[PDB]
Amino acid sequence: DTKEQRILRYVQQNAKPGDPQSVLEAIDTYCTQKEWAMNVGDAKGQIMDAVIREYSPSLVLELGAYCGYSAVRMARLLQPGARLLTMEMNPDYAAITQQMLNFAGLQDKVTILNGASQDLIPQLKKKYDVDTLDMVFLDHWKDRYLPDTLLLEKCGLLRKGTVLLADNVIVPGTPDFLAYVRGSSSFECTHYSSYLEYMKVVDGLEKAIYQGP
């Protein structure tokens, strides 16, 4: 098997079906005690939770599901009727994520879109009946944060107040994205210093609130 399969099996055997918090705890324990994996983790996850609670978004887009950690983390805090769309290009990881969400009992709140964001983003309005997004969590390949932010804007998916929340702005880093949003009048930015998942290494989240064109 793969590391991702081992994480899923650990959750299934060490969390309670339908209990998202127990699922997060199991992933975090496994990744701390057994094998590191690129989940946002609990340190930055607490910041994510605070942001989700503040904004209570009705429609969230996640770029880069991986094993479904952040999809579980966010969806557990969504209000009734709210939804999360999460894009994942790797079929094996998309299957992990779906099974993770199913175990957590969150499958009715989340849609997996098994594809690349640059192909799927232009289909959101006509195929996924999206008007505009309330929040976007960026956690895919770091050199795609800027291209996909510009594409979301082009496609009319951003509105005044849409919250972009970007992982890994320190490690591995996303220098072009960060310089761009911080320098642009179209985004009001805040930096949340934290730690790399499971490691005593500084990382951070960037919140960039879209202000209109």
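A residue's number is simply how far along the shown sequence it sits, counting from 1. Between two forms, the rigid core is defined as the largest C-alpha subset superposing within 1.5 Å.
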| query | finding |
| --- | --- |
| More shifted region, core-based fit in 5 other deposited structures of this protein, 190-198 vs 6-14 by CA | 190-198 |
| More variable segment, 65-73 or 171-179 [Cα RMS over structures in 5 other deposited structures of this protein, core-superposed] | 171-179 |
| Mean C-alpha temperature factor, higher of 25-33 and 59-67 | 25-33 |
| Residue stretch of maximal mean CA temperature factor, 182-190 vs 162-170 | 182-190 |
| Per the PDB entry, maximal CA B factor within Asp92, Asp143, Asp108, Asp139 | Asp108 |
| Chain third (lowest, middle, highest) by recorded CA B-factor, residue given as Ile52 | highest |
| Entry-reported Cα temperature factor of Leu113, expressed as the chain third it lands in | highest |
| Lowest, middle or highest third - CA B-factor, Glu206 | lowest |
| For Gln99, the third of its chain into which the C-alpha B factor falls | middle |
| For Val72, the third of its chain into which the C-alpha B factor falls | middle |
